[PDB]
């Protein structure tokens, strides 16, 4: 079965505007885990727009198919395009898509893809269906996969006043001993972000609970100005 024509068209159009000179530092930035075509985000978005203008966005029945086919292509720009495309089908995504989103998190995994999947798409789903959190988060925490663990930490990143504090701190407590950089940093990030909403609770937490030095330092990067640094 041939590649979906929309994907084939995107592949052709991206490839015609590839930039090998730019591709080398872009690939190095991601620790050479991926090939790159060398197309940065402003141009990449315009080339996608070009293809939508000519071909129109595929019927929703092909949504998951399109995403998978782009996910399977070697160059990283195709996963970036896939996430742009998924945003265009946002109003069709619901709680039944959690396993589909899971599979995206654990394939071609790195911080760029996982950070674009988790606080937005998964975050919105669990905000609407908080009863489903306990069907997934304990498995993610227990998994060997650091990107599922990072997802458990970051899905609440944008919740602000809707943050489930008890849940957040329980998750962090489960992962605080991790020696993985991307876990320590994710803990630091979610705490720093939540501190913008509730600085007192974050300050109390970091002063009275074990964290990696990296996590604590990232957590209080801003609020240490409000509380001061004791001699």
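Positions refer to the first chain, counted from 1.
S.K.: May I ask you to compare 101-109 and 87-95 by their mean CA B factor in the entry and name the higher one?
M.R.: Higher mean C-alpha B-factor: 87-95.
S.K.: Quick one: say whether 127-135 or 75-83 has the higher mean Cα B-factor in the deposited entry.
M.R.: Per the deposited B-factors, the answer is 127-135.
S.K.: Per the PDB entry, which option out of 44, 28, 192, 179 has the greatest Cα B factor?
M.R.: In this record, 179 carries the highest C-alpha B-factor of the candidates.
S.K.: Looking at 162, 49, 68, 185, which has the highest CA B-factor as recorded?
M.R.: Largest recorded C-alpha B-factor: 162.
S.K.: Among the modelled residues of its chain, does the C-alpha B-factor of residue 208 lie in the lowest, middle or highest third?
M.R.: Ranked within chain, residue 208 CA B lands in the highest tercile.
S.K.: By the record's CA B-factor, is residue 156 among the lowest, middle or highest third of residues in the chain?
M.R.: Its C-alpha B-factor belongs to the lowest third of this chain's values.
S.K.: Sorting by Cα B-factor within the chain, modelled residues only, which third would residue 16 end up in: lowest, middle or highest?
M.R.: Middle third by C-alpha B-factor.
S.K.: Among all modelled residues of this chain, ranked by Cα B factor, put residue 57 in the bottom, middle or top third, i.e. lowest, middle or highest.
M.R.: Highest third, going by the recorded CA B-factors of the chain.
S.K.: Test of reading the entry: by CA B factor among the chain's modelled residues, which third contains residue 175?
M.R.: Lowest third - that is where residue 175 ends up once the chain's C-alpha B-factors are sorted.
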